[PDB]
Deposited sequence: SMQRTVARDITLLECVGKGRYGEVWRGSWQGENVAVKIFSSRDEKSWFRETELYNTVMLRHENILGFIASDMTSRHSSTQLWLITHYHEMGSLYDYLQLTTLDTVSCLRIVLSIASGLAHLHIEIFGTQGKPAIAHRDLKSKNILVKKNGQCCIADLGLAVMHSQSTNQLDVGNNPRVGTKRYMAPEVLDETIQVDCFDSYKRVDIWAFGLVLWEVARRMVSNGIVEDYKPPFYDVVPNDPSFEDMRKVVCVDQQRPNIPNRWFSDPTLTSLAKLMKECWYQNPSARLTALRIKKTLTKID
């Protein structure tokens, strides 16, 4: 139960709500406290965790979920494993990477996303799932160096089409061109997997910037830092991604490193204007395993 949790420190704050480091039987756990405005995101992630027994080493580990609702008060809690190392967004602010740690991180993300995307049949199976709000701030760094994906509140599902009634929409900075120009095929499940692949390519660019090659590294920057203001509007991102068709700049240093060059090619194959030309999660994972 949540009754035996002591909230210790607020480790994250946003429009979704807050994330706290909590204590439970003397062990650290994370508690996501949703704002009442995000009730549908809490329920989606709960049914994904407790009805679809969704478990994978690169998906945030679910412990429990609780809601209490009364006149003048509503609480919505998600209790998960705590990762002291924090969000990949925070982690990349402080850390530089080498060849092994860079590929451990990005391969672990690819592995979790493929696990979301690929359907499993039978008993103890799972539908195909699209995240729809992947970004560096919803990926956590585990002690072993791998990552795990969090925030499945916007997931859509499909078996041989489940879209929520969720009024919240993805982070604008990471929205795919088909989302921004509204040509996305809403009734086609593969559209949502390809919106995920787009966002993954941006996360791939974020990680690669922090890997050192030949004694050079870039500071952390978000996708499109140079052409969009902080907290960009829908219109800001359409002008950049669709009209101007701009994409993240690839610094010259990378082409001197074989690994960073391989990731540059992978990045671009996530960024096609045409969603159908983008790689699949499984192909990305199969490539990273060989690289």
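Going by the record, the unmodelled stretches of the deposited sequence, in order, are 1-5, 166-169, 301.
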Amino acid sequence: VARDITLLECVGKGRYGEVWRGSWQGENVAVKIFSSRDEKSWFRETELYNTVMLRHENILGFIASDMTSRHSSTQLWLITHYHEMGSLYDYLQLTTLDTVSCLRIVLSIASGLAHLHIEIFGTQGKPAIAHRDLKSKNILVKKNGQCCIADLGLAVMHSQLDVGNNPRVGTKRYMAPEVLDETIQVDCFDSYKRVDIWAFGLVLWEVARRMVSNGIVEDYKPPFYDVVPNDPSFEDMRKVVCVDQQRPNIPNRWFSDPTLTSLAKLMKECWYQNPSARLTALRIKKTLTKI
From here on, numbers count along this sequence of modelled residues.
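So that the term is clear: the rigid core is the largest set of C-alpha atoms that superpose within 1.5 Å between two forms.
Core-fitted comparison in 6 other deposited structures of this protein shows that, between 261-269 and 27-35, the CA atoms farther from the shown form belong to 27-35. The stretch that moves more in 6 other deposited structures of this protein, judged by CA deviation after a rigid core superposition and choosing between 39-47 and 237-245, is 39-47. When the other compared entries with both flanking residues are checked, residue 213 is modelled in all of them, not unmodelled in a third. Coverage remark for residue 163: absent from the model in at least one third of the other entries compared whose chains are built on both sides. Legend: mean Cα B-factor per stretch from the PDB entry, 109-117 versus 122-130; the higher mean is in 122-130. In this entry, the higher average B-factor at the C-alpha atoms falls on 256-264, of the pair 27-35 and 256-264.
Per the PDB record, 72 has a higher Cα B-factor than any other of 72, 191, 171, 146. Within the listed group 152, 79, 175, 100, the record reports its top CA B-factor for 100. In the PDB entry, residue 54 places in the middle third of its chain by CA B-factor.
Ranked against the other modelled residues of its chain, the C-alpha B-factor of residue 239 as given in the entry falls in the highest third.
Annotation for residue 136: CA B-factor lies in the lowest third of the chain's modelled residues. Ranked against the other modelled residues of its chain, the C-alpha B-factor of residue 185 as given in the entry falls in the middle third. When the modelled residues of the chain are ordered by their C-alpha B factor, residue 204 lands in the middle third.
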